[PDB]
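Participant: If you scroll down you'll find the structure; I have some questions about it.
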Amino acid sequence: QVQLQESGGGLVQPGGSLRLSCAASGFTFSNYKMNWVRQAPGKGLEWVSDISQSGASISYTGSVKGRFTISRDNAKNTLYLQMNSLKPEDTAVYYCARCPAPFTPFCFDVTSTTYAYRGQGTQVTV
Amino acid sequence: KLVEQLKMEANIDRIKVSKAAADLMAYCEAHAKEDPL
Amino acid sequence: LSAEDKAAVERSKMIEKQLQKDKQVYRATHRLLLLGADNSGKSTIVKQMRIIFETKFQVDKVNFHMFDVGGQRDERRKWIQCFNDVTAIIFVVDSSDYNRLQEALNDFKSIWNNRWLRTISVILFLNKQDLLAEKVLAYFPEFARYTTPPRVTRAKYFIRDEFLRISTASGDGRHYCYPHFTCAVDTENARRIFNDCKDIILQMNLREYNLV
Amino acid sequence: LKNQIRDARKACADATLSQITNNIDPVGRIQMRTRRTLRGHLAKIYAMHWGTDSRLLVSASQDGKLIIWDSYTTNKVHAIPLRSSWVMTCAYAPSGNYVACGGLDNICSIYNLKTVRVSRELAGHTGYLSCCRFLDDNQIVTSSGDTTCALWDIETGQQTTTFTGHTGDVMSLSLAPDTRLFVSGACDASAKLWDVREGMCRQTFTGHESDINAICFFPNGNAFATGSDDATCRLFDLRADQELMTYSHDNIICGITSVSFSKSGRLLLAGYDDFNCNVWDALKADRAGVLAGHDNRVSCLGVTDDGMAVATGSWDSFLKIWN
Amino acid sequence: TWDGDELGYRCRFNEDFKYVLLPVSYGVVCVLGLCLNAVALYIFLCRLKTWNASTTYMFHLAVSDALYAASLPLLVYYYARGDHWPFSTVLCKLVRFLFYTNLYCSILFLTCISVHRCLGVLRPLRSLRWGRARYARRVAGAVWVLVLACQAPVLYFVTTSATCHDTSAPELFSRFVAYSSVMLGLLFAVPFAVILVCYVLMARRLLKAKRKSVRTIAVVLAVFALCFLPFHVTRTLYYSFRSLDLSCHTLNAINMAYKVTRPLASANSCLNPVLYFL
């Protein structure tokens, strides 16, 4: 049973930095490509980051390019999303999502409105 | 509804894995003479 | 060898004849998949309709079949595998909405690098170009410095260049991408689809004949 | 309270099938040679289902033609055209005089070939239909991609119940030998045992890592095996309410697309996406002879009711009656 | 050739050295052709499930080339152990007729492949519209019937004289020259023109991966021309375009051009299956 939970993002002032960590359990954490995802008040589900199972292949969305850092660690099933430049409109919600299939970089519903391998999501405010 | 279903199914009657394993052994040892594979 | 057996073989041969006729009439039609966001004028590209909502149109006496799937939920990771023998994926993009454009880029990136669609070429329509012109004449940090290889030209070619970079990041000879700058009042889209599909079939034939 | 259920299932997990099965006469290398290869389909195959007579079987392909074979002589019997070119299911009636299909367009078209055009069309789903299996020639359990199965009725044409318990898309269901229960493997990495009469889930087996593309019941009806996109098939026991054996082997990265049981329930014939189906020992968790005879992906699988043959359709447009 | 011998007696420049190297070249052509064609036959039949017009033609002329390879050892022995002592007159009759029908099959099937490929590269959509497929077998049977029915005069003309004369006879040499000219102009000049127009058309449309395709195209056309034009021009230039003239430096040229171009005419026979399956 896949179950992802995240913590460490409730509230931070616009200046400073914030660290997000998404814990992974119930599956092998070296075959799946993990993406981070956001929501907005009364809006759709965005897309932010990505990192391949190998360890070094990082994609990004334009808005947060250059001010967000993502890292994943194997042998300790968890994800990370370092945020060291906070802006008011990037502080709605930060889900954690996994690409459906292993040994495959093809992810299609990582931002679907009703996804199955997505974390409960951690509320983020600024 | 999810918690309701979890509560409903958490009180289900479960038996030891060994019993089901032995049931499968009996089945696939009794019917092994009539499967042409 | 019997009474019913010979009739059965005759029925089988008749069914084979109908199957052969259907094969002859089937490979001649180039099925097309239409994939566009809600805001994008993917229906406006169908606003030029010429005879799930199929729209069968023929140019120069060769038939194109267009399929757009909208009755399904937004979890197109298992019903898109059905669209594996589609001749080309007509990815329609709204080029005006800058905010929603990143979602279109990500969707195109997912379509491009897919395992099952690794051999499907994509026809990219960046329609509502008139809206783009109106917006520029009246988001992306990559626009700080950029030279086209007026300002509306710079903007449209910037969007096209972003899409092309996404296409060529994992590009290969198996499948190509054909950008276009569609307008809401353009009727030549059929010709553009025709030329793109012609080149796609030409490259498929070149691969088959081992000329490459 | 999911942890409570996990602990309860752990408590009854006092023995392991691999350990219990440590001393049994193994099944030798199974040499299944392609007996027949039925050709005539324009495009790749998507689904099929052996008839009750053990010979006639149906196949539905991308080309938009639903075709009925005769595996003994290979002489076709029917080629019913489709109202939609996209279909991903095939249903056979226990009587053998009804055939169903469906897919995108969300319609479970049902044909009456005991005159062959249409007898009903079930139009209640809001997502692509995945798998439909005839119940009694008058009720047709039907999955769908809108995360809900359904028990239909031919005469009324409307759902008799609705099994809206899943979270992801439903991919495959398998009716019990008793025709009283059935399961459904969804895309949320779970598989729920439903009740036909009660119309409510009775158990959930959340023991997978990704989608579940196929599912089948044990011949006795007290277990079922699932095929995932983790390239691992797992065997679940209804009574023990937990996984028994996982058929996962290294050097296998392609996810399963079909699973079926043998007549004695000894060999799990699982059709993979790695160009070649496999044969797994049901109770030994060991690989028997591989069945590699397809140049494309394997998209379906069906073991005859009497167990005399196993057919493995694939994406090369050919059905092969192994044996 | 009664006059060819005469001059070979007069010019006295007929080197056996080259007559005795001809059999080893023939045997090499035979063995490599047998190997490559056996590999291609096995692949196409017992290791392939998808067939199209191009593959149909490739396999379906590779069978002919394998038959010609299998019949080559008769000629290698004919030329190797001793000069002109065949097992039977009918045997060498069959060998010669098989050589000619193999040459014209290679020409016709290669130009059919070329026409099909040009139809596929020039107008792909409309070419697929009318279904080029399902007609490869018909065109193939047509060309087989054509060559088999049209090479019967080759069978009847050739006869031994003790030996297995390349030409017909002094009495029938006029009809032989007429027949050879007709066969040239019909089954080489027209197919050669067809393949030339075809391949230049695709070259022009491609130049408008492209470099590799043009390279392959030049290689294929060069192979066809190099391995068929020399023999076909040489035979005509040797039969009648030379009559009374006895310039040896040139006669030997014309003659041994013919003799050593016969193996050079068999070259692409063995070289085609590989070039077209790889």
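Using Swiss-Prot numbers, chain D covers 14-128, 133-340, in order.
Looking at the header, which is where the method is noted, we find electron microscopy, 3.3 Å.
For all residues, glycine too, the Cβ spot is worked out from N, Cα and C.
Swiss-Prot lists D:46-94 with the feature repeat 'WD 1'. Annotation source Swiss-Prot lists repeat 'WD 3' at D:141-181. Taken from Swiss-Prot, the feature repeat 'WD 4' covers D:182-223. Look at Swiss-Prot and you will find D:224-267 tagged as repeat 'WD 5', backed by experimental evidence. According to Swiss-Prot, the phosphohistidine annotation covers D:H266, on the basis of similarity to another entry. Taken from Swiss-Prot, the feature repeat 'WD 6' applies to D:268-309. Taken from Swiss-Prot, the feature repeat 'WD 7' applies to D:310-340.
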Participant: Name the range, of those listed as D:46-94, D:182-223, D:224-267, that has the largest tally of Cβ pairs under 8 Å with the repeat 'WD 7' (D:310-340).
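Facilitator: By the under-8 Å Cβ criterion, the repeat 'WD 7' (D:310-340) pairs most with D:46-94.
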Participant: Note the 4 unmodelled residues between D:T128 and D:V133, then tell me the distance between their CA atoms, whole Å.
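Facilitator: Between the Cα atoms flanking the 4-residue gap there are 7 Å.
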Participant: By Cβ distance under 8 Å, which residues at least 6 away from the ends of the repeat 'WD 5' (D:224-267) in the same chain are close to it?
Facilitator: 22, 25-26, 30-31, 185-186, 188-195, 198-204, 206-208, 210, 273-282, 285, 287-289, 297, 299-300, 302, 304, 318
Participant: Below 8 Å Cβ to Cβ and six or more residues apart, same chain only. Which residues does that give for D:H266 (phosphohistidine)?
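Facilitator: Sequence-distant Cβ neighbours: D:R304.
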Participant: If you run through the repeat 'WD 3' (D:141-181) with DSSP, how many residues end up as helix, strand and coil?
Facilitator: 0 helix, 12 strand, 29 coil
Participant: What are the DSSP helix, strand and coil residue counts for the repeat 'WD 6' (D:268-309)?
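Facilitator: Helix (H, G, I), strand (E, B), coil: 0 helix, 15 strand, 27 coil.
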